[PDB]
Each structure stands twice: as C-alpha cells, then as structure tokens.
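*Asks:* So I pulled this structure from the PDB, and the sequence comes with it:
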Amino acid sequence: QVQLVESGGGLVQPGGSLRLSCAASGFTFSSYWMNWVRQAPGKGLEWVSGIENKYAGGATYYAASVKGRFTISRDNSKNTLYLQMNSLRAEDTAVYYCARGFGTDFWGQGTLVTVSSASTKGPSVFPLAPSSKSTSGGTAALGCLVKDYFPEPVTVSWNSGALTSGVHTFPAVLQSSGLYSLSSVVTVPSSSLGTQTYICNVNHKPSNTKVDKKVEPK
Amino acid sequence: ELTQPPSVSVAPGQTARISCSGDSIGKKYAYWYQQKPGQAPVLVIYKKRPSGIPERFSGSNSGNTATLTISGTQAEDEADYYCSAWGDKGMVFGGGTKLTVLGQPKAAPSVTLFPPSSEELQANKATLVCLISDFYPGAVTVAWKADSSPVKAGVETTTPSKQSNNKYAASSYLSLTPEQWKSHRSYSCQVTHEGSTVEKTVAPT
C-alpha cells in the first residue's frame, strides 16, 4: 500500500522560510521520480518541483514561480522527500502535496503552508443601504459589510438578536491581503424603513472588538 | 496551455464529458485527477482502449482537445476534475471543472449588488458587494465590468458553499479607489450559471 505523508506545514511570516518533508512507503522510493504540487485555497493545482530517481542522479527541476528560493531533495535511505522553502511569499500559501512519479499516480493528503503576518486586526463595518431592486414585492434588502479582519471568526446579529427572519450571513472571503471580509444581508418590509431601526451587531472576539452599526435608508 | 470549462452538470445515469484544450494536446499524454471537497486529488484511471464493455472512465485525446468521459455518472463522481500534461518547464494543469450530478432540479441565482457606502468612501476606500444565493448546481462564474470593460484587478470571489436548503451561496467583492469608482458611469456584477447570465449594475450617480 503506497503511502505519502506530508509534514512541516504551518504559519510563517512573509520573507520567512520553512522545510517540508514527505515520508514515503509501500514502494521502492529510490526507483521513482517525485513531485511537489501545491493548491492555493479555493484555487486549482500548480506544479512546483520534481526530482529524478537514483539512477538518473536525482537532478532537480522547478517552476519559474519558485526558481532560486525552493530546493527539492531526497534521502533514499530514509525514503523521505524534502522541500526547503526559503524567502516565502504570500502567494506561496497553499496545501503542498507529495506526488509519485511522472505518472503522479499517488498523492498525499498534503500539508498547509500559510504565508502571512499573523497580525490580529479588527474589522471595519460599513452599512449596506436598503435596495428593493432584487427582492420580492414590498421588501428591501439591507446589510453590513464586515471588512479586513484577522483571524476568523466574526459573528453578526441583527437588532441584538431580535431580528432573525430573512437574515443571510455569507461565508467569509479570504483576500489576497491575507485578511477576511464577509457580508450579512437582511430582507425586511419596505414599509418598515425609517420607521424601524436596523443595527448589525458585529463581534470579533479575537481582537476584542464589537461594533453596532446602524443601517439607514439612503 | 490547458483550458477546461469551469463546470459540467449531468443527470444520474447519463454520460458526462469534461474537455481539456491546449495547442497540440493530442501529441501529449493527458492526465486526469478527481478531487472531492476537502480531500486530496486522486488519479483517474481511464481506458484509451477503443472498445470492449463500456468503461466507467474513458479518455480520448485528439487534435487540440482531450476529453474525459464518465459513463453511468452517479452522485459519488461529484468532484472537481483537473487535466494535466508534461510541458517543457514542468507539469501544466488545466483550471479544473466542477462536476455536478443533478440531485434536484436546477435553481437560478438570486443576485444583489450593493455599491460603496458613503462611509467607506469617506475612509478613502470603495468596495462593491455582489451577493449570490439560492442556486443549484453550486457553480457560478462572476465577471465584473467598469462601464463595458471587463475588470479583473481587485476581485475576490468565494467558492460556493451549501445553504440549509441544499442550494448554494457565493459572494464576490470588487475593491476600488474612490477615484476609480467615481470616474466611470457604472459598474456591473455579471453572474453566469448553467449558460444563463444575470447582470446587476450600480452607478456613483
């Protein structure tokens, strides 16, 4: 039974370095060219590096995205593949997979490398003024934009939890910045507007920040 | 090099076909991988063989298009599929294709586009917010426009996530300077789902 188990992944500040190891078993590791492949969160696959088997002398090959800052190596006596990652960039953040052979016939479960300042950041909260354009008759959608916070999670309630009907709080996007943003929207009666007060209550416990943002019509 | 459709859907029992195009892919070996949500990729073992009994997974690779054919598609085939080939610099991958096996009737997206708040503009930023809900299959393509020109910079889009009702939700954000926002007549969020497009437009005016 061919196994590949990746290790060494973790959090790391931009410009930093890290070493990954993939431990192989269930085959003559020495006989195989080996690969490193990566996958950024919510994105496709990108080939990173490969290294020949023992008989071809273990020559090494790299994507142009990692030339000169990653080094691939191997210890055939330990049946371990290695990837030294130096001078790490934010765009290197991905799950790193070990894959066997030119055939890429077996893949490990991978390991997460996250390249980020792990800087606690509270959100900015902006009101999303009601619009009736997209909603059913007699109703309007209004919301809150919860921008640029780290780490997860935030919670959002409406009118201190009293308003639950028609609430849709969306999953967060992880931005290229390394920060999260999300939105919460509520559909309410159009007749209620400027009679009824709407406030989104945002809690970001990791930064000890709470915001009650009043959302009024334009 | 390698281009795949962003998604393909098929009814249970029917044949799905996932194309993968690149110049002269016909003269390279085309690899296929299956990746379920949260799992690592796995190699799709497929027959090139002309005939015999029909194969659950078959390949053809001819001219500039390679195609994975899945016969007797069932729910457990649902995954993202990727093609690849060996190029001169290393392995090139296609962008991947979400395969949905239809477990309920198609449902079209509800789309709400919000402009930058006055408050955000006062803090010298601007975000357009496109919220997309109640769709099935869970695959959309979101394109943004400044006036009539496609805009790619500053766009952040989520992967679709399943709602309580087994339909899907997604969100897209366009980050702009107040100056960019104010210098166009309009911006539009275009949401494509199963061949249909919904375009919502907002204006600083």
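*Replies:* Cool, got the structure. Residues are numbered from 1 along each chain as shown, chains lettered A, B, ... in the order given.
*Asks:* okay, CA-based contacts and neighbour counts for the rest of this
*Replies:* Fine.
*Asks:* Break the chain into its domains for me.
*Replies:* In the absence of a named chain, chain A is used. As assigned by curated CATH domains, chain A contains the domains A:1-117, A:118-218.
*Asks:* ah, no, chain B please
*Replies:* B:1-103, B:104-204.
*Asks:* Could you dump those into JSON lines and include distance to residue A:21 and mean neighbour count?
*Replies:* What follows is those, written out as JSON lines (distance: least, C-alpha to C-alpha, whole Å; neighbours: other C-alpha atoms under 10 Å in any protein chain shown):
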{"stretch": "domain B:1-103", "distance to residue A:21": "17", "mean neighbour count": "18"}
{"stretch": "domain B:104-204", "distance to residue A:21": "29", "mean neighbour count": "18"}
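*Asks:* Tell me which stretches of chain B form helices.
*Replies:* Per DSSP state H, chain B carries helices over the ranges B:118-122, B:178-182.
*Asks:* do the first one and chain A meet at all?
*Replies:* Yes: Helix B:118-122 comes into contact with chain A when judged by C-alpha under 8 Å from any C-alpha of the partner chain, the residues involved being B:119-120.
*Asks:* Which strands or helices does that helix pack on?
*Replies:* Judged by 3 or more C-alpha pairs under 8 Å, 6 or more residues apart in numbering or on different chains; DSSP states H and E, helix B:118-122 is in contact with strand A:124-131.
*Asks:* Only alpha carbons, please: show whatever helix or strand residue A:37 lives in as PDB.
*Replies:* Assigned by DSSP states H and E, residue A:37 belongs to strand A:34-39. Below are the C-alpha coordinates for strand A:34-39, written out as PDB (Å, rounded to 0.1, in the frame of the first residue of the first chain):
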ATOM      1  CA  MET A  34       8.900  12.500  -7.200                       C
ATOM      2  CA  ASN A  35       6.900  15.700  -7.400                       C
ATOM      3  CA  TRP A  36       5.800  18.600  -5.200                       C
ATOM      4  CA  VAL A  37       2.400  20.100  -6.200                       C
ATOM      5  CA  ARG A  38       0.500  22.900  -4.500                       C
ATOM      6  CA  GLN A  39      -3.000  24.200  -4.300                       C
END
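*Asks:* outside of it, which residues touch it?
*Replies:* Contacts to strand A:34-39, defined as C-alpha atoms under 8 Å, 6 or more residues apart in numbering or on different chains, come from residues A:45-53, A:81, A:83, A:94-102, A:104.
*Asks:* Include distance to residue B:104 and mean neighbour count when you put the domains of chain A into CSV, please.
*Replies:* Formatted as CSV, the domains of chain A follow (distance: least, C-alpha to C-alpha, whole Å; neighbours: other C-alpha under 10 Å):
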stretch, distance to residue B:104, mean neighbour count
domain A:1-117, 25, 18
domain A:118-218, 22, 18
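*Asks:* returning to what we had before: can you put the helices of chain B in JSON lines and add distance to residue B:151?
*Replies:* Shown next, in JSON lines, are those (distance: least, C-alpha to C-alpha, whole Å):
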{"stretch": "helix B:118-122", "distance to residue B:151": "20"}
{"stretch": "helix B:178-182", "distance to residue B:151": "12"}
